[PDB]
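Participant: Take a look at data-v9.txt, compact mmCIF, N, CA, C and O atoms:
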# COMPACT_ATOMS: atom_id res chain seq x y z
N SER A 1 -1.09 -8.59 -20.75
CA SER A 1 -1.20 -7.57 -21.80
C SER A 1 -1.01 -6.16 -21.23
O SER A 1 -0.69 -5.22 -21.97
N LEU A 2 -1.19 -6.01 -19.92
CA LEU A 2 -0.98 -4.73 -19.26
C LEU A 2 -0.43 -4.92 -17.85
O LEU A 2 -0.92 -5.75 -17.09
N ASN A 3 0.61 -4.16 -17.53
CA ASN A 3 1.14 -4.07 -16.18
C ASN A 3 0.80 -2.72 -15.55
O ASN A 3 1.29 -1.67 -15.99
N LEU A 4 -0.05 -2.76 -14.53
CA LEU A 4 -0.45 -1.56 -13.84
C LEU A 4 0.45 -1.32 -12.62
O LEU A 4 0.42 -2.08 -11.65
N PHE A 5 1.25 -0.26 -12.71
CA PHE A 5 2.04 0.26 -11.59
C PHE A 5 1.32 1.41 -10.88
O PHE A 5 1.27 2.54 -11.40
N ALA A 6 0.74 1.13 -9.72
CA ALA A 6 0.10 2.17 -8.92
C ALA A 6 1.17 2.88 -8.09
O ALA A 6 1.83 2.24 -7.26
N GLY A 7 1.35 4.18 -8.32
CA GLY A 7 2.41 4.93 -7.67
C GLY A 7 2.02 5.78 -6.46
O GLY A 7 0.90 6.28 -6.35
N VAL A 8 2.97 5.95 -5.55
CA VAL A 8 2.76 6.82 -4.40
C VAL A 8 3.99 7.70 -4.24
O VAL A 8 5.10 7.21 -4.10
N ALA A 9 3.81 9.01 -4.28
CA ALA A 9 4.91 9.90 -3.98
C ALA A 9 5.11 9.97 -2.47
O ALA A 9 4.14 10.14 -1.71
N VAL A 10 6.36 9.87 -2.02
CA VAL A 10 6.65 9.99 -0.59
C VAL A 10 7.68 11.09 -0.24
O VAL A 10 8.42 11.57 -1.11
N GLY A 11 7.69 11.47 1.03
CA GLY A 11 8.65 12.45 1.53
C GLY A 11 9.99 11.82 1.88
O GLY A 11 10.91 11.83 1.08
N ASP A 12 10.15 11.29 3.10
CA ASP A 12 11.34 10.53 3.45
C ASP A 12 11.23 9.10 2.94
O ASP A 12 10.33 8.37 3.34
N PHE A 13 12.15 8.70 2.07
CA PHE A 13 12.08 7.37 1.48
C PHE A 13 12.19 6.26 2.53
O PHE A 13 11.37 5.34 2.55
N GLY A 14 13.19 6.35 3.41
CA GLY A 14 13.38 5.36 4.46
C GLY A 14 12.16 5.08 5.33
O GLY A 14 11.81 3.93 5.57
N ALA A 15 11.50 6.14 5.80
CA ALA A 15 10.29 5.97 6.61
C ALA A 15 9.21 5.27 5.81
O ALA A 15 8.53 4.36 6.30
N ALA A 16 9.06 5.69 4.56
CA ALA A 16 8.01 5.14 3.70
C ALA A 16 8.27 3.67 3.38
O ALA A 16 7.36 2.84 3.42
N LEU A 17 9.52 3.35 3.06
CA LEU A 17 9.89 1.98 2.75
C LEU A 17 9.62 1.07 3.94
O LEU A 17 9.06 -0.02 3.78
N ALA A 18 9.99 1.53 5.13
CA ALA A 18 9.75 0.76 6.35
C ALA A 18 8.26 0.49 6.51
O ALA A 18 7.83 -0.66 6.67
N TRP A 19 7.47 1.56 6.44
CA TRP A 19 6.03 1.47 6.63
C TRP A 19 5.36 0.56 5.60
O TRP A 19 4.60 -0.33 5.97
N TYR A 20 5.64 0.75 4.32
CA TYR A 20 5.02 -0.10 3.31
C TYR A 20 5.45 -1.56 3.45
O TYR A 20 4.67 -2.48 3.16
N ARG A 21 6.67 -1.78 3.91
CA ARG A 21 7.16 -3.13 4.18
C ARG A 21 6.29 -3.80 5.24
O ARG A 21 5.74 -4.89 5.02
N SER A 22 6.15 -3.12 6.38
CA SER A 22 5.27 -3.60 7.45
C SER A 22 3.85 -3.87 6.95
O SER A 22 3.30 -4.95 7.19
N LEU A 23 3.27 -2.91 6.24
CA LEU A 23 1.90 -3.04 5.80
C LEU A 23 1.72 -4.25 4.90
O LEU A 23 0.85 -5.09 5.12
N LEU A 24 2.56 -4.35 3.87
CA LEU A 24 2.40 -5.40 2.87
C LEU A 24 2.98 -6.75 3.36
O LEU A 24 2.62 -7.81 2.86
N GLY A 25 3.88 -6.70 4.34
CA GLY A 25 4.50 -7.90 4.84
C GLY A 25 5.38 -8.59 3.81
O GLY A 25 5.49 -9.81 3.76
N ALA A 26 5.99 -7.78 2.95
CA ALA A 26 6.92 -8.30 1.97
C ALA A 26 7.96 -7.24 1.71
O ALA A 26 7.76 -6.07 2.02
N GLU A 27 9.08 -7.67 1.15
CA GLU A 27 10.16 -6.79 0.78
C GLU A 27 9.89 -6.36 -0.64
O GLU A 27 9.20 -7.07 -1.38
N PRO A 28 10.42 -5.20 -1.03
CA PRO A 28 10.28 -4.73 -2.41
C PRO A 28 10.72 -5.82 -3.38
O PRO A 28 11.72 -6.48 -3.13
N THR A 29 9.97 -6.01 -4.46
CA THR A 29 10.41 -6.92 -5.52
C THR A 29 11.70 -6.43 -6.20
O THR A 29 12.55 -7.24 -6.58
N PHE A 30 11.86 -5.12 -6.35
CA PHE A 30 13.11 -4.53 -6.84
C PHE A 30 13.16 -3.03 -6.62
O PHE A 30 12.13 -2.40 -6.38
N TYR A 31 14.37 -2.47 -6.71
CA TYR A 31 14.57 -1.02 -6.64
C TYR A 31 15.05 -0.47 -7.97
O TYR A 31 16.22 -0.59 -8.30
N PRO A 32 14.16 0.15 -8.74
CA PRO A 32 14.55 0.87 -9.96
C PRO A 32 15.70 1.85 -9.71
O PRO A 32 16.58 1.96 -10.55
N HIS A 33 15.68 2.56 -8.59
CA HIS A 33 16.84 3.33 -8.16
C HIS A 33 16.87 3.44 -6.64
O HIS A 33 16.20 2.67 -5.96
N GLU A 34 17.65 4.37 -6.10
CA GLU A 34 17.85 4.38 -4.65
C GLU A 34 16.67 4.90 -3.84
O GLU A 34 16.47 4.47 -2.71
N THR A 35 15.91 5.84 -4.40
CA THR A 35 14.71 6.29 -3.71
C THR A 35 13.42 5.85 -4.42
O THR A 35 12.46 6.61 -4.54
N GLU A 36 13.40 4.59 -4.85
CA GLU A 36 12.27 3.99 -5.53
C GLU A 36 12.19 2.51 -5.25
O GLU A 36 13.15 1.78 -5.43
N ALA A 37 11.02 2.06 -4.82
CA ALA A 37 10.81 0.66 -4.51
C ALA A 37 9.50 0.19 -5.13
O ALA A 37 8.48 0.88 -5.04
N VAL A 38 9.54 -0.97 -5.77
CA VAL A 38 8.40 -1.57 -6.44
C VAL A 38 8.03 -2.89 -5.78
O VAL A 38 8.90 -3.73 -5.54
N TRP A 39 6.76 -3.08 -5.46
CA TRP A 39 6.26 -4.36 -4.99
C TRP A 39 5.39 -4.96 -6.07
O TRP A 39 4.45 -4.32 -6.55
N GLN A 40 5.67 -6.20 -6.44
CA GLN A 40 4.72 -6.96 -7.22
C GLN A 40 3.77 -7.63 -6.25
O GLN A 40 4.19 -8.46 -5.44
N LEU A 41 2.50 -7.24 -6.32
CA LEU A 41 1.48 -7.75 -5.42
C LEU A 41 0.92 -9.02 -6.02
O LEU A 41 0.58 -9.97 -5.32
N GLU A 42 0.87 -9.04 -7.34
CA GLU A 42 0.29 -10.11 -8.10
C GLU A 42 0.69 -9.84 -9.54
O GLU A 42 1.30 -8.81 -9.83
N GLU A 43 0.34 -10.75 -10.44
CA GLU A 43 0.73 -10.61 -11.83
C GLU A 43 0.03 -9.41 -12.45
O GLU A 43 -1.20 -9.34 -12.51
N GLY A 44 0.83 -8.45 -12.89
CA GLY A 44 0.30 -7.28 -13.57
C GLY A 44 -0.22 -6.20 -12.66
O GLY A 44 -0.72 -5.19 -13.13
N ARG A 45 -0.09 -6.41 -11.35
CA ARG A 45 -0.57 -5.46 -10.34
C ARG A 45 0.56 -5.13 -9.39
O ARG A 45 0.88 -5.92 -8.50
N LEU A 46 1.15 -3.96 -9.56
CA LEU A 46 2.31 -3.59 -8.76
C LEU A 46 2.09 -2.25 -8.09
O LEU A 46 1.32 -1.42 -8.57
N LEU A 47 2.76 -2.05 -6.97
CA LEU A 47 2.70 -0.81 -6.23
C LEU A 47 4.11 -0.28 -6.11
O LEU A 47 5.03 -1.05 -5.79
N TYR A 48 4.31 1.00 -6.36
CA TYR A 48 5.63 1.59 -6.14
C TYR A 48 5.62 2.92 -5.38
O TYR A 48 4.69 3.71 -5.51
N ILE A 49 6.66 3.13 -4.59
CA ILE A 49 6.88 4.41 -3.92
C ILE A 49 8.11 5.08 -4.51
O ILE A 49 9.08 4.43 -4.91
N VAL A 50 8.08 6.41 -4.58
CA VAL A 50 9.23 7.15 -5.07
C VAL A 50 9.33 8.43 -4.26
O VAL A 50 8.32 8.99 -3.87
N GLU A 51 10.55 8.87 -3.98
CA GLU A 51 10.72 10.11 -3.25
C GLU A 51 10.45 11.32 -4.16
O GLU A 51 11.26 11.65 -5.02
N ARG A 52 9.28 11.93 -4.01
CA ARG A 52 8.96 13.20 -4.67
C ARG A 52 8.18 14.00 -3.64
O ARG A 52 6.95 14.00 -3.64
N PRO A 53 8.91 14.65 -2.72
CA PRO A 53 8.26 15.26 -1.56
C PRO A 53 7.21 16.30 -1.92
O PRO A 53 6.27 16.48 -1.16
N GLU A 54 7.33 16.95 -3.08
CA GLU A 54 6.35 17.96 -3.45
C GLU A 54 4.98 17.35 -3.75
O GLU A 54 3.99 18.08 -3.81
N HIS A 55 4.90 16.04 -3.91
CA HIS A 55 3.62 15.39 -4.18
C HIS A 55 3.19 14.42 -3.11
O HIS A 55 2.19 13.73 -3.27
N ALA A 56 3.94 14.36 -2.01
CA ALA A 56 3.75 13.31 -1.01
C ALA A 56 2.45 13.51 -0.23
O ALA A 56 2.03 14.64 0.00
N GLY A 57 1.82 12.40 0.16
CA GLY A 57 0.69 12.43 1.07
C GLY A 57 -0.64 12.76 0.43
O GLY A 57 -1.56 13.20 1.11
N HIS A 58 -0.74 12.56 -0.88
CA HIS A 58 -1.94 12.89 -1.61
C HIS A 58 -2.48 11.72 -2.42
O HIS A 58 -3.46 11.87 -3.14
N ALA A 59 -1.82 10.56 -2.31
CA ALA A 59 -2.12 9.45 -3.20
C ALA A 59 -3.31 8.68 -2.66
O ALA A 59 -3.63 8.75 -1.47
N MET A 60 -4.00 7.97 -3.53
CA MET A 60 -5.03 7.06 -3.06
C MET A 60 -5.06 5.80 -3.89
O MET A 60 -5.24 5.85 -5.10
N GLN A 61 -4.84 4.67 -3.22
CA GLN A 61 -4.84 3.37 -3.88
C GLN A 61 -5.77 2.43 -3.13
O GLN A 61 -5.82 2.45 -1.90
N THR A 62 -6.51 1.61 -3.86
CA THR A 62 -7.38 0.64 -3.20
C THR A 62 -7.09 -0.77 -3.67
O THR A 62 -6.99 -1.03 -4.87
N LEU A 63 -6.92 -1.69 -2.72
CA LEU A 63 -6.75 -3.09 -3.09
C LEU A 63 -7.90 -3.91 -2.53
O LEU A 63 -8.19 -3.88 -1.34
N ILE A 64 -8.57 -4.62 -3.42
CA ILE A 64 -9.65 -5.50 -3.02
C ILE A 64 -9.03 -6.87 -2.93
O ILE A 64 -8.50 -7.37 -3.93
N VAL A 65 -9.04 -7.46 -1.74
CA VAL A 65 -8.31 -8.71 -1.52
C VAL A 65 -9.24 -9.86 -1.19
O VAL A 65 -10.42 -9.67 -0.96
N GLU A 66 -8.68 -11.06 -1.17
CA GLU A 66 -9.44 -12.24 -0.78
C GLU A 66 -9.61 -12.27 0.74
O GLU A 66 -10.71 -12.47 1.23
N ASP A 67 -8.52 -12.05 1.47
CA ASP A 67 -8.54 -12.20 2.93
C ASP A 67 -8.22 -10.90 3.65
O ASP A 67 -7.07 -10.65 4.03
N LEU A 68 -9.24 -10.07 3.85
CA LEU A 68 -9.06 -8.79 4.52
C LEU A 68 -8.54 -8.96 5.95
O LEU A 68 -7.74 -8.17 6.42
N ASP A 69 -8.99 -10.02 6.62
CA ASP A 69 -8.61 -10.25 8.00
C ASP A 69 -7.12 -10.50 8.12
O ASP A 69 -6.49 -10.11 9.11
N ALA A 70 -6.56 -11.17 7.11
CA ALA A 70 -5.14 -11.48 7.10
C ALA A 70 -4.35 -10.20 6.93
O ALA A 70 -3.40 -9.94 7.67
N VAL A 71 -4.77 -9.39 5.96
CA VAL A 71 -4.19 -8.07 5.74
C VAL A 71 -4.17 -7.33 7.06
O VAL A 71 -3.13 -6.84 7.48
N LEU A 72 -5.32 -7.29 7.72
CA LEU A 72 -5.45 -6.59 8.99
C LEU A 72 -4.49 -7.10 10.07
O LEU A 72 -3.64 -6.34 10.55
N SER A 73 -4.60 -8.38 10.43
CA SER A 73 -3.83 -8.92 11.55
C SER A 73 -2.32 -8.93 11.28
O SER A 73 -1.53 -8.56 12.15
N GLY A 74 -1.93 -9.36 10.08
CA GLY A 74 -0.54 -9.35 9.67
C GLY A 74 0.10 -7.98 9.79
O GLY A 74 1.23 -7.84 10.26
N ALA A 75 -0.62 -6.95 9.35
CA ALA A 75 -0.13 -5.58 9.46
C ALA A 75 -0.06 -5.14 10.92
O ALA A 75 0.81 -4.35 11.30
N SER A 76 -0.98 -5.65 11.73
CA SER A 76 -1.01 -5.35 13.17
C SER A 76 0.21 -5.90 13.89
O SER A 76 0.81 -5.22 14.71
N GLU A 77 0.57 -7.14 13.58
CA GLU A 77 1.69 -7.78 14.25
C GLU A 77 3.00 -7.10 13.88
O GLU A 77 3.96 -7.12 14.66
N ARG A 78 3.03 -6.50 12.69
CA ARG A 78 4.23 -5.83 12.22
C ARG A 78 4.15 -4.34 12.51
O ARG A 78 4.92 -3.54 11.99
N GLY A 79 3.19 -3.98 13.35
CA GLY A 79 3.16 -2.67 13.97
C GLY A 79 2.41 -1.54 13.27
O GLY A 79 2.57 -0.40 13.68
N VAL A 80 1.62 -1.84 12.24
CA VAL A 80 0.82 -0.80 11.59
C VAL A 80 -0.69 -1.02 11.71
O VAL A 80 -1.21 -2.09 11.38
N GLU A 81 -1.40 -0.01 12.20
CA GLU A 81 -2.84 -0.10 12.39
C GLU A 81 -3.59 0.74 11.36
O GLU A 81 -3.05 1.69 10.81
N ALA A 82 -4.84 0.38 11.10
CA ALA A 82 -5.66 1.13 10.17
C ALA A 82 -6.05 2.49 10.76
O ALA A 82 -6.19 2.64 11.97
N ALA A 83 -6.22 3.47 9.88
CA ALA A 83 -6.75 4.77 10.28
C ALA A 83 -8.26 4.68 10.53
O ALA A 83 -8.79 5.27 11.48
N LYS A 84 -8.96 3.93 9.68
CA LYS A 84 -10.42 3.88 9.74
C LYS A 84 -10.93 2.52 9.25
O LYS A 84 -10.37 1.96 8.31
N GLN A 85 -11.98 2.01 9.89
CA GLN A 85 -12.72 0.85 9.39
C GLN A 85 -14.20 1.13 9.13
O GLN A 85 -14.94 1.50 10.03
N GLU A 86 -14.63 0.95 7.89
CA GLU A 86 -16.02 1.14 7.52
C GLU A 86 -16.63 -0.23 7.26
O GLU A 86 -16.11 -1.00 6.45
N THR A 87 -17.72 -0.54 7.93
CA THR A 87 -18.44 -1.77 7.65
C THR A 87 -19.80 -1.43 7.07
O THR A 87 -20.62 -0.84 7.75
N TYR A 88 -20.03 -1.75 5.81
CA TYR A 88 -21.32 -1.45 5.21
C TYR A 88 -22.33 -2.53 5.57
O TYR A 88 -21.99 -3.52 6.23
N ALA A 89 -23.57 -2.32 5.13
CA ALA A 89 -24.72 -3.15 5.54
C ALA A 89 -24.49 -4.65 5.36
O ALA A 89 -24.71 -5.44 6.29
N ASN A 90 -24.04 -5.02 4.17
CA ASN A 90 -23.76 -6.40 3.80
C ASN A 90 -22.60 -7.04 4.57
O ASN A 90 -22.38 -8.25 4.46
N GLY A 91 -21.87 -6.24 5.33
CA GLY A 91 -20.75 -6.74 6.09
C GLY A 91 -19.44 -6.56 5.36
O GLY A 91 -18.37 -6.86 5.90
N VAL A 92 -19.50 -6.06 4.13
CA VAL A 92 -18.28 -5.76 3.39
C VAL A 92 -17.52 -4.60 4.04
O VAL A 92 -18.07 -3.52 4.22
N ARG A 93 -16.27 -4.85 4.37
CA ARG A 93 -15.43 -3.82 4.96
C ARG A 93 -14.54 -3.12 3.96
O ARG A 93 -14.11 -3.70 2.96
N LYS A 94 -14.28 -1.85 4.23
CA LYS A 94 -13.16 -1.14 3.65
C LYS A 94 -12.33 -0.66 4.83
O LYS A 94 -12.86 -0.03 5.74
N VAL A 95 -11.04 -0.97 4.85
CA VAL A 95 -10.19 -0.38 5.88
C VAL A 95 -9.09 0.48 5.29
O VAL A 95 -8.43 0.11 4.31
N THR A 96 -8.89 1.64 5.89
CA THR A 96 -7.99 2.62 5.32
C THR A 96 -6.74 2.82 6.15
O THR A 96 -6.81 3.06 7.35
N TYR A 97 -5.59 2.75 5.50
CA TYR A 97 -4.33 3.06 6.15
C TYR A 97 -3.83 4.42 5.69
O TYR A 97 -4.03 4.80 4.54
N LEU A 98 -3.18 5.13 6.60
CA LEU A 98 -2.49 6.35 6.22
C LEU A 98 -0.98 6.13 6.32
O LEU A 98 -0.49 5.77 7.39
N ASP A 99 -0.26 6.33 5.21
CA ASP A 99 1.20 6.21 5.20
C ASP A 99 1.83 7.38 5.96
O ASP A 99 1.12 8.32 6.31
N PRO A 100 3.15 7.33 6.23
CA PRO A 100 3.78 8.43 6.98
C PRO A 100 3.52 9.85 6.45
O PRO A 100 3.54 10.79 7.23
N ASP A 101 3.25 9.99 5.17
CA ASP A 101 2.94 11.31 4.61
C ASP A 101 1.46 11.66 4.55
O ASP A 101 1.10 12.81 4.28
N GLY A 102 0.59 10.68 4.79
CA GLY A 102 -0.83 10.93 4.76
C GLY A 102 -1.58 10.39 3.55
O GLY A 102 -2.80 10.56 3.45
N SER A 103 -0.88 9.75 2.63
CA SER A 103 -1.56 9.09 1.52
C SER A 103 -2.44 7.96 2.06
O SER A 103 -2.14 7.37 3.10
N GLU A 104 -3.52 7.67 1.34
CA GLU A 104 -4.51 6.68 1.77
C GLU A 104 -4.36 5.37 1.00
O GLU A 104 -4.46 5.35 -0.22
N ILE A 105 -4.10 4.30 1.73
CA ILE A 105 -4.08 2.97 1.14
C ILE A 105 -5.23 2.17 1.70
O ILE A 105 -5.21 1.77 2.87
N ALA A 106 -6.25 1.92 0.88
CA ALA A 106 -7.42 1.20 1.35
C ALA A 106 -7.46 -0.26 0.90
O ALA A 106 -7.00 -0.61 -0.19
N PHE A 107 -8.01 -1.10 1.78
CA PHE A 107 -8.17 -2.52 1.52
C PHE A 107 -9.61 -2.90 1.71
O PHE A 107 -10.18 -2.70 2.79
N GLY A 108 -10.20 -3.46 0.67
CA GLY A 108 -11.58 -3.91 0.73
C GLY A 108 -11.69 -5.39 0.46
O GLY A 108 -10.69 -6.09 0.28
N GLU A 109 -12.93 -5.87 0.44
CA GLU A 109 -13.19 -7.28 0.19
C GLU A 109 -14.57 -7.48 -0.40
O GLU A 109 -15.49 -6.68 -0.19
N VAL A 110 -14.71 -8.58 -1.13
CA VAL A 110 -15.97 -8.94 -1.78
C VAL A 110 -17.04 -9.42 -0.77
O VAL A 110 -16.72 -9.85 0.34
N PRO A 111 -18.31 -9.32 -1.16
CA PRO A 111 -19.40 -9.78 -0.30
C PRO A 111 -19.40 -11.29 -0.06
O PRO A 111 -18.88 -12.06 -0.87
Output the structure of this file as structure tokens.

Facilitator:
Amino acid sequence: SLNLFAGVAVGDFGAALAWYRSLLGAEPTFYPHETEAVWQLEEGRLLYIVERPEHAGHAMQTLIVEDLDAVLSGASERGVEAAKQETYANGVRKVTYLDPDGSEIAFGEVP
């Protein structure tokens, strides 16, 4: 009933596309145009980057996933590390990535 496209403005499209590819470990589901890439993460939950340098590096998106460890290690092997790891009392982690422009992509998990 609703498709949520979470957007991120980026500076250099190529650098951003490379980085998001590594992080997500998937290729864009499609390109609406030449400086725009959309990933379908799941049904009705999509992430897109677009070249709008005047807004780049200010975005914040959070994904709560089933397997945080997989997100972590998979991104590590493809060469991207987290900026910060917060472990709260219950052991629930939030880990934050910074894209090439400085936007924050966080990944959390359930207790």

Participant: For residue 74 (chain A), which residue out of A:9, A:24, A:50, A:4 is the nearest one, using only C-alpha atoms?

Facilitator: A:24

Participant: Looking only at alpha helix (DSSP H) from DSSP on the backbone, list the matching residues of chain A as a list in words.

Facilitator: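 The alpha helix (DSSP H) subset of chain A is residues 13, 14, 15, 16, 17, 18, 19, 20, 21, 22, 23, 24, 68, 69, 70, 71, 72, 73, 74, 75, 76 and 77 of chain A.
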
Participant: Please produce an output containing N, CA, C and O atoms for each residue in the selection, written as a PDB file, in the coordinates of the input.

Facilitator:
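Generated output (part.pdb):
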ATOM      1  N   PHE A  13      12.150   8.700   2.070  1.00  0.00           N
ATOM      2  CA  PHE A  13      12.080   7.370   1.480  1.00  0.00           C
ATOM      3  C   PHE A  13      12.190   6.260   2.530  1.00  0.00           C
ATOM      4  O   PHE A  13      11.370   5.340   2.550  1.00  0.00           O
ATOM      5  N   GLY A  14      13.190   6.350   3.410  1.00  0.00           N
ATOM      6  CA  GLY A  14      13.380   5.360   4.460  1.00  0.00           C
ATOM      7  C   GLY A  14      12.160   5.080   5.330  1.00  0.00           C
ATOM      8  O   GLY A  14      11.810   3.930   5.570  1.00  0.00           O
ATOM      9  N   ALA A  15      11.500   6.140   5.800  1.00  0.00           N
ATOM     10  CA  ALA A  15      10.290   5.970   6.610  1.00  0.00           C
ATOM     11  C   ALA A  15       9.210   5.270   5.810  1.00  0.00           C
ATOM     12  O   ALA A  15       8.530   4.360   6.300  1.00  0.00           O
ATOM     13  N   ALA A  16       9.060   5.690   4.560  1.00  0.00           N
ATOM     14  CA  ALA A  16       8.010   5.140   3.700  1.00  0.00           C
ATOM     15  C   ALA A  16       8.270   3.670   3.380  1.00  0.00           C
ATOM     16  O   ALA A  16       7.360   2.840   3.420  1.00  0.00           O
ATOM     17  N   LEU A  17       9.520   3.350   3.060  1.00  0.00           N
ATOM     18  CA  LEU A  17       9.890   1.980   2.750  1.00  0.00           C
ATOM     19  C   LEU A  17       9.620   1.070   3.940  1.00  0.00           C
ATOM     20  O   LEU A  17       9.060  -0.020   3.780  1.00  0.00           O
ATOM     21  N   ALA A  18       9.990   1.530   5.130  1.00  0.00           N
ATOM     22  CA  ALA A  18       9.750   0.760   6.350  1.00  0.00           C
ATOM     23  C   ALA A  18       8.260   0.490   6.510  1.00  0.00           C
ATOM     24  O   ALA A  18       7.830  -0.660   6.670  1.00  0.00           O
ATOM     25  N   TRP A  19       7.470   1.560   6.440  1.00  0.00           N
ATOM     26  CA  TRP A  19       6.030   1.470   6.630  1.00  0.00           C
ATOM     27  C   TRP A  19       5.360   0.560   5.600  1.00  0.00           C
ATOM     28  O   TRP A  19       4.600  -0.330   5.970  1.00  0.00           O
ATOM     29  N   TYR A  20       5.640   0.750   4.320  1.00  0.00           N
ATOM     30  CA  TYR A  20       5.020  -0.100   3.310  1.00  0.00           C
ATOM     31  C   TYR A  20       5.450  -1.560   3.450  1.00  0.00           C
ATOM     32  O   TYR A  20       4.670  -2.480   3.160  1.00  0.00           O
ATOM     33  N   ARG A  21       6.670  -1.780   3.910  1.00  0.00           N
ATOM     34  CA  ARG A  21       7.160  -3.130   4.180  1.00  0.00           C
ATOM     35  C   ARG A  21       6.290  -3.800   5.240  1.00  0.00           C
ATOM     36  O   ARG A  21       5.740  -4.890   5.020  1.00  0.00           O
ATOM     37  N   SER A  22       6.150  -3.120   6.380  1.00  0.00           N
ATOM     38  CA  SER A  22       5.270  -3.600   7.450  1.00  0.00           C
ATOM     39  C   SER A  22       3.850  -3.870   6.950  1.00  0.00           C
ATOM     40  O   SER A  22       3.300  -4.950   7.190  1.00  0.00           O
ATOM     41  N   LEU A  23       3.270  -2.910   6.240  1.00  0.00           N
ATOM     42  CA  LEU A  23       1.900  -3.040   5.800  1.00  0.00           C
ATOM     43  C   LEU A  23       1.720  -4.250   4.900  1.00  0.00           C
ATOM     44  O   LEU A  23       0.850  -5.090   5.120  1.00  0.00           O
ATOM     45  N   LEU A  24       2.560  -4.350   3.870  1.00  0.00           N
ATOM     46  CA  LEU A  24       2.400  -5.400   2.870  1.00  0.00           C
ATOM     47  C   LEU A  24       2.980  -6.750   3.360  1.00  0.00           C
ATOM     48  O   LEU A  24       2.620  -7.810   2.860  1.00  0.00           O
ATOM     49  N   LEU A  68      -9.240 -10.070   3.850  1.00  0.00           N
ATOM     50  CA  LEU A  68      -9.060  -8.790   4.520  1.00  0.00           C
ATOM     51  C   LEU A  68      -8.540  -8.960   5.950  1.00  0.00           C
ATOM     52  O   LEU A  68      -7.740  -8.170   6.420  1.00  0.00           O
ATOM     53  N   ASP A  69      -8.990 -10.020   6.620  1.00  0.00           N
ATOM     54  CA  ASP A  69      -8.610 -10.250   8.000  1.00  0.00           C
ATOM     55  C   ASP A  69      -7.120 -10.500   8.120  1.00  0.00           C
ATOM     56  O   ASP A  69      -6.490 -10.110   9.110  1.00  0.00           O
ATOM     57  N   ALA A  70      -6.560 -11.170   7.110  1.00  0.00           N
ATOM     58  CA  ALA A  70      -5.140 -11.480   7.100  1.00  0.00           C
ATOM     59  C   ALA A  70      -4.350 -10.200   6.930  1.00  0.00           C
ATOM     60  O   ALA A  70      -3.400  -9.940   7.670  1.00  0.00           O
ATOM     61  N   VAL A  71      -4.770  -9.390   5.960  1.00  0.00           N
ATOM     62  CA  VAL A  71      -4.190  -8.070   5.740  1.00  0.00           C
ATOM     63  C   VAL A  71      -4.170  -7.330   7.060  1.00  0.00           C
ATOM     64  O   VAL A  71      -3.130  -6.840   7.480  1.00  0.00           O
ATOM     65  N   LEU A  72      -5.320  -7.290   7.720  1.00  0.00           N
ATOM     66  CA  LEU A  72      -5.450  -6.590   8.990  1.00  0.00           C
ATOM     67  C   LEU A  72      -4.490  -7.100  10.070  1.00  0.00           C
ATOM     68  O   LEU A  72      -3.640  -6.340  10.550  1.00  0.00           O
ATOM     69  N   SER A  73      -4.600  -8.380  10.430  1.00  0.00           N
ATOM     70  CA  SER A  73      -3.830  -8.920  11.550  1.00  0.00           C
ATOM     71  C   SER A  73      -2.320  -8.930  11.280  1.00  0.00           C
ATOM     72  O   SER A  73      -1.530  -8.560  12.150  1.00  0.00           O
ATOM     73  N   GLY A  74      -1.930  -9.360  10.080  1.00  0.00           N
ATOM     74  CA  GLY A  74      -0.540  -9.350   9.670  1.00  0.00           C
ATOM     75  C   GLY A  74       0.100  -7.980   9.790  1.00  0.00           C
ATOM     76  O   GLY A  74       1.230  -7.840  10.260  1.00  0.00           O
ATOM     77  N   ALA A  75      -0.620  -6.950   9.350  1.00  0.00           N
ATOM     78  CA  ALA A  75      -0.130  -5.580   9.460  1.00  0.00           C
ATOM     79  C   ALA A  75      -0.060  -5.140  10.920  1.00  0.00           C
ATOM     80  O   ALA A  75       0.810  -4.350  11.300  1.00  0.00           O
ATOM     81  N   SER A  76      -0.980  -5.650  11.730  1.00  0.00           N
ATOM     82  CA  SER A  76      -1.010  -5.350  13.170  1.00  0.00           C
ATOM     83  C   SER A  76       0.210  -5.900  13.890  1.00  0.00           C
ATOM     84  O   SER A  76       0.810  -5.220  14.710  1.00  0.00           O
ATOM     85  N   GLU A  77       0.570  -7.140  13.580  1.00  0.00           N
ATOM     86  CA  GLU A  77       1.690  -7.780  14.250  1.00  0.00           C
ATOM     87  C   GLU A  77       3.000  -7.100  13.880  1.00  0.00           C
ATOM     88  O   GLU A  77       3.960  -7.120  14.660  1.00  0.00           O
TER      89      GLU A  77
END

Participant: Find the residues near residue 96 (chain A): any atom within 10 Å, counting only C-alpha atoms, skip ones fewer than 2 places away on the same chain, and give them as a ChimeraX atom specification.

Facilitator: /A:60-62,81-86,93-94,98-99,103-108

Participant: Need the shell around residue 30 (chain A): protein/DNA/RNA residues with any atom at most 8 Å away, counting all atoms listed in the file. Skip same-chain ones fewer than 4 positions apart. Format as a ChimeraX atom specification?

Facilitator: /A:36-40,47-49

Participant: Got a sec: who's within 7 Å of residue 67 (chain A), counting only N, CA, C and O atoms, leaving out chain neighbours fewer than 4 positions off, as a ChimeraX atom specification?

Facilitator: /A:71-72,108-109

Participant: Write out as a ChimeraX atom specification each polymer residue whose atoms come within 7 Å of region 16-19 of chain A, counting only N, CA, C and O atoms; drop sequence neighbours fewer than 5 positions from it.

Facilitator: /A:10-11,24-26,78,80,99-101

Participant: Find, counting only C-alpha atoms, the residue in A:2, A:7, A:111, A:77 that gets nearest to residue 57 (chain A).

Facilitator: A:7

Participant: Would you mind reading off the distance between atom O of residue 51 (chain A) and atom N of residue 95 (chain A), one decimal, in Å?

Facilitator: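 Computed distance, atom O of residue 51 (chain A) to atom N of residue 95 (chain A), equals 27.5 Å.
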
Participant: For the atom pair CA of residue 65 (chain A) and CA of residue 45 (chain A), what is the interatomic distance in Å to one decimal place?

Facilitator: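 CA of residue 45 (chain A) lies at a distance of 12.2 Å from CA of residue 65 (chain A).
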
Participant: Between CA of residue 32 (chain A) and CA of residue 44 (chain A), what is the distance in Å, rounded to a tenth?

Facilitator: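 Computing the Euclidean distance for CA of residue 32 (chain A) and CA of residue 44 (chain A) yields 16.8 Å.
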